[PDB]
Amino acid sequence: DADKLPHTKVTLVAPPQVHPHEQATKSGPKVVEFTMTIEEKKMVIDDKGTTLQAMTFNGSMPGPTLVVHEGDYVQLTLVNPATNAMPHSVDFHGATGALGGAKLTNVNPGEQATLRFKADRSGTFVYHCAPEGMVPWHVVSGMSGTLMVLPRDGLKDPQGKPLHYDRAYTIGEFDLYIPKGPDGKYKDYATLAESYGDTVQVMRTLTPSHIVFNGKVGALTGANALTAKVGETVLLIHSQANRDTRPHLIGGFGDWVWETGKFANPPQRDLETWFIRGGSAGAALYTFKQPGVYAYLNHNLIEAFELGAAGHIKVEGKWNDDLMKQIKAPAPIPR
């Protein structure tokens, strides 16, 4: 079947954007070809210069989001340049068999491999590195992203009515485990290998030092805030490959949410806060009705405000007093 289908090649884009794609499509199934190149690198993850000996797909945390339609085949070329130190692989939660592909994509530095799998189920699915004996370290060091498999006729509400988004953003949340020295300051390592032993000790405490969206505290704030306008519906894809999170839009809602991320199930409506299980990706739609700067955050507020799991969305448009009005501004208590 796959050998008789047309092929297409998709160029990936850096998070938090998602590569252009159709939602409902008249196209039949295709072999959709992607390539990713692993990059190990030291990254600065907070405002006080703390560094992570990181590992990435395509130079970014998260890796890029791959979008296909249900019934397509994903054909990924995974490249591990000779400038990297470690072996890598890929486990697609959207794929059937061979440990998600990991058994077939074991690439040492200087190697590449090509895997094909049928994307037979709709949803947002995590992909991550999974090299034998080193899985949690590679994942928490940054090697995860999302595969979104759209239903061929687009998204649907619980009664089967059409849903859509006008803009998509992808948020990868990363629980980091940065070791400290005897002085209480975070350790800086010269090489990736030297970070291993100390990092495993922090991991085993189950207590992250930092929890960041898209690779660093404040990654999605200031000039790098997400953007939208009143009337626009945004899709927020949220992946967490290792630890639970509870997304929330301050002053908004999840109008329609697939917290388990699987589009053949009916979504829930009107959520204040939703739940992404560690090892999954979920998806929320929201149509903005008020302008302003929103926060999109993990609603364990310590994780958000102290540890880093928060971003901003700057929304243009006209304020609606029907929805919310300041009746009396802060003023002295009448006596």
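All residue numbers refer to positions in the sequence shown, first residue = 1.
Mean CA B-factor, 72-80 versus 258-266: the higher value falls on 72-80. Note on 246-254 vs 108-116: mean CA B-factor is higher in 108-116. In the PDB entry, the Cα temperature factor peaks, among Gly28, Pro64, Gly278, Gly282, at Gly28. When all modelled residues of the chain are sorted by CA temperature factor, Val32 is found within the highest third. For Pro151, the recorded CA temperature factor ranks within the middle third of the chain's modelled residues. Sort the modelled residues of the chain by CA B factor and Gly181 lands in the highest third. For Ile237, the recorded CA B-factor ranks within the lowest third of the chain. Only modelled residues enter the ranking.
The deposited CA B-factor of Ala85 belongs to the highest third of values across its chain.
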